[PDB]
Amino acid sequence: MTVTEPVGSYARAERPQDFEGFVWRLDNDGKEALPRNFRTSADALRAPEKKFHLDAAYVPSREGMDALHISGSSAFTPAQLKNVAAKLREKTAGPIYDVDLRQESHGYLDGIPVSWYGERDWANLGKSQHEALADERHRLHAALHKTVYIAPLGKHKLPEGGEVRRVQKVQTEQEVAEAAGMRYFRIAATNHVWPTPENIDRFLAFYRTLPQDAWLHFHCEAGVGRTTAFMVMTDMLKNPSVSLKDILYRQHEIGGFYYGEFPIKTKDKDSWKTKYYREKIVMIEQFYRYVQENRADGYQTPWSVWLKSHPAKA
């Protein structure tokens, strides 16, 4: 009769009540000067990771990379963001945006970057961005002058060690970004899965009206999955004549994930990730198709509407 959840919306079938947040997770221990997986579109391409079984001899086209003006990284401490801002300012004189792609509630407690972690990092699964942000503001404010437990995850993604402290200061990422001289833009994307149609519609609208010399610094928790997906989408939108192969290879060779087909291998405990990786591969190709078919008329129809009439196939 009718499909309940179409390709690209698999996560909608999961139950949010089974992944509610339970601890303040430490996002970065702040020992390094910069966040992890820091990379920009001006960087040199390096050898591909063996896990993706790609052609190391292949030389991807760099067409349009000099004007792409994007970067990516993991989460960061306030000091690390300032170092990022300073490095990016040496590359551009345009506005620098901190594009926060995290749906999970996060912020800073006494300057320490933390996020309200639920199993699979799905504590805000199913919430609208409005609802997620409200949860985030409420949780951060409720921590002020209260005792909290902050810990890094260890064996089996469960707390291990950490610290206990009575919070004297709370800040949102928006505040920390503005303190580093960056503009802020939030897209609440769920970790480990393809961004929702509303996530992408929001990004495309924001992208279309950006200043010509705008620089976009994308980031998620670790700086791999969600960050690379949006870097790839921006590359496709700005350089539509570049082949899909070149886009996927170059975004991976500067330090990101490889969004093409490859032998997916997961440990038994991570078997739930397998189908979401397969979905991402199919959706990447579908987004490329959307751009090729709708750029000519200036995107009169958005991704969400187009996708409903042109469903992806597994």
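We number the residues from 1 along the sequence you see.
- Once the C-alpha B-factors are averaged per stretch, 123-131 and 140-148 rank with 140-148 first.
- Look at the C-alpha B-factors of 63-71 and of 265-273. On average they run higher in 265-273.
- Out of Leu248, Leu54, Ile284, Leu26, it is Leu54 whose C-alpha atom has the highest B-factor in the PDB entry.
- Split the chain's modelled residues into thirds by C-alpha temperature factor. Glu178 is in the highest one.
- Sort the modelled residues of the chain by CA B factor and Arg278 lands in the lowest third.
- In the deposited entry, the Cα temperature factor of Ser243 places it in the middle third of its chain's modelled residues.
- Annotation for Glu198: CA B-factor lies in the lowest third of the chain's modelled residues.
- Residue-level temperature factors show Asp110 in the middle third of its chain, judged at the C-alpha atom.
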